[PDB]
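Engineer: I would like the atomic coordinates for the input below:
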Amino acid sequence: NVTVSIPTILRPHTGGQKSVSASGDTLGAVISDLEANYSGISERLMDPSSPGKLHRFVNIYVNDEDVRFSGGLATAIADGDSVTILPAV
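Structural biologist: Numbers count the residues shown, from 1 in each chain. The protein structure is shown below:
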């Protein structure tokens, strides 16, 4: 049980839900899980150029920690952690 906050731009993939539930031990695992339930979400978060690397203009925090500082998709994920996707500015 982790909660994922979805930014306005990606709510189509989630039937307009602001927030959805997911699970995985890593950010990677949570991403492909959301994909599982909410088709098309995933390509929008990844860099089209190089695999496994997040998109230049997307931010993702696991609980207030920027994943770019904790291993990106390898970033470890605990029960009741929260995840937050946001367009970069």
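
Engineer: And for the nearest residue to residue 19 once chain neighbours are set aside, the neighbour number?
Structural biologist: Counting by Cβ to Cβ, 6 or more residues apart in numbering, residue 5 is the residue found nearest to residue 19 once chain neighbours are left out, at 5.5 Å. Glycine gets a C-beta too; all of them are placed from N, C-alpha and C. A count of neighbours around residue 5, defined by other Cβ atoms under 10 Å, yields 13.

Engineer: okay but residue 5 is in contact with residue 82, surely?
Structural biologist: Yes - contact status for residue 5 versus residue 82: in contact at 6.9 Å, counting by Cβ atoms under 8 Å.

Engineer: for this structure, what spans make up the helices?
Structural biologist: 27-37 (DSSP state H).

Engineer: now the strands for it?
Structural biologist: 2-5, 19-22, 58-62, 65-66, 82-87 (DSSP state E).

Engineer: can you list contacts of the last one?
Structural biologist: This means strand 82-87. The list of residues contacting strand 82-87 from outside it, by Cβ atoms under 8 Å, 6 or more residues apart in numbering, reads 2-7, 9-10, 22, 27, 30, 45, 57-63, 77.

Engineer: let's see it at 10 Å
Structural biologist: Identification of contacts with strand 82-87 by Cβ atoms under 10 Å, 6 or more residues apart in numbering yields 2-10, 19-20, 22, 24, 27, 30-31, 34, 41, 44-45, 54-55, 57-64, 67, 75, 77.

Engineer: Right, I'll leave it there.
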